[PDB]
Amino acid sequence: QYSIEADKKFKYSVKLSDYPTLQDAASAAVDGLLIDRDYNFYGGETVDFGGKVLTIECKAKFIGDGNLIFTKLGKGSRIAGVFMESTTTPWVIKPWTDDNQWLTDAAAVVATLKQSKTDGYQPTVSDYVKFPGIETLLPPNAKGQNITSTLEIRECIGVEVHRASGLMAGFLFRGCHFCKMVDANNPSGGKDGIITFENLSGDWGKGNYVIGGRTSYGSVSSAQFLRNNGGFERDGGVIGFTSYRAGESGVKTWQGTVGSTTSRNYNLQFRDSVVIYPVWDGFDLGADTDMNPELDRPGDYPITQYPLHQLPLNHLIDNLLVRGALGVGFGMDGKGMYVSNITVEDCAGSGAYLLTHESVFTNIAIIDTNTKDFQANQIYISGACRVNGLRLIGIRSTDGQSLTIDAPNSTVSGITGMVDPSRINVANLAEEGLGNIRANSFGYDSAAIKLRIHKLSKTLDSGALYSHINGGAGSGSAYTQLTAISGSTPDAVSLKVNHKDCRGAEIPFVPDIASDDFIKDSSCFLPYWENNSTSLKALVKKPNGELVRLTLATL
């Protein structure tokens, strides 16, 4: 009859409007589950999906503070359009102005307090460091808040959450594998991380990705990983993602011990992603603790095997953009890392903080960072690394004495930009492979090729090759000049060719009687002045190496 036919020809879906609880709907479901009414959940409410492969389509809100916990979803299950919202409207800070300047003054930040589920974030203890003095100034009702509405996927394999959004919203994958957060539809975050893959118990996380989408706000980091290892296959990480205004960092791999084990991460991808206006860092890809580090690594490689900041993290890191960080645009540690195509621009905080060793950085741009001067540098590298291509300086000036690059053990090539050379500190800087060269000078009456020996002086050029106009701009004539520093006066001693279009070489001479050791090489002469006879003499080192003094020019 009809019922036999109908059962064969129609798509199966249950809808939440037909059930008193979410578990009742889950139990009834076979293929589809439609969330077609707002659902108020209690923190810790747990739904058992019976191992079923379900296509969950959300067209309403899950409303609650705390965690709505999904369990026992079958591999291939998908959850689309989820919207999490807290019941509580907390107090939030908004540490930026109507012209999008960061507020750094604690009292100014306190003045921004409002009750809202968005457009700011709940203070946490990290704000006490970020805005010194704010701990004392914040009213009690703005401290210690803990509002998040979290969808928790617990101990599932092969589950994807697509187009998720919300207000004071979080997404937690706890003990999951081969799960993805795809095309996040700009959830506005709460107290906890917005997207978290946490694998502190069970097998190391693997196959876990953030792909596409974006998030805004949140008190802490937007996308974060604990105890994930993508394997040599690099099966996990963050690709195609945007984070705006993280209360901590945009993308974070955790460092150090959490609970009783390692929170660290290996072999993940961080590519094609953007972090804008994080309160702390753009990308924080470190694994070992920075300040006050642990002396051990329970559940990970021991310090005896790999010293602090020298783990073989092996992440695949490429094509990242940060703008507007208040902390550090791009931070990492590790040994033997390859990093490419990183652009950090227009940051109040520093551009890069790299606790790396035997690592290679290719095509890095650090442009107008440390704009507030809270840090000692714009890019720092601790260990012995190679930088191949480094763009420095946009349009911002720097007032004080802070370095631009401090990479004292690194070998660097390919700096471009209007960098102040006194603010470069590297182990070695070289352009070994340039072709024939031309120095083109605009807005000056001369062109210059200068030399600076940083061991002698970081602030003064030690010699130069100049070309200078003779006469007016239409003269068709210039003089070439070779100079050397003396008494810390650049260009103090020089030889000239064609000064005043004279077609001759002007040769400097020793202004008094030359000592024997003033001459360096054999078969050379050094002119010197004999004032008592109004004569030039020549100190000559003969071809055989012996010295003789001759008369060179006389009245």
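Numbers follow the displayed sequence, beginning with 1.
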Looking at the other compared entries that model both neighbours, is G400 missing coordinates in at least a third of them?
yes
Unmodelled in at least a third of other entries of this protein, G189:
no
Mean Cα B-factor comparison, 39 to 47 or 521 to 529, giving the higher one as deposited:
521 to 529
Of 373 to 381 and 242 to 250, the stretch whose C-alpha atoms average the higher B-factor in the entry:
373 to 381
Tell me, please, which of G189, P302, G236, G331 has the highest C-alpha B factor according to the deposited entry?
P302
Per the PDB entry, maximal CA B factor within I69, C58, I63, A492:
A492
Chain thirds of CA B-factor: placement of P139:
highest
C-alpha B factor of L200, ranked within the chain: lowest, middle or highest third?
middle
With respect to C-alpha B-factor, does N267 fall in the lowest, middle or highest third of the chain as deposited?
lowest
Split the chain's modelled residues into thirds by Cα B-factor; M84 lands in the lowest
Comparing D406 with the other modelled residues of its chain, is its CA B-factor in the lowest, middle or highest third?
middle
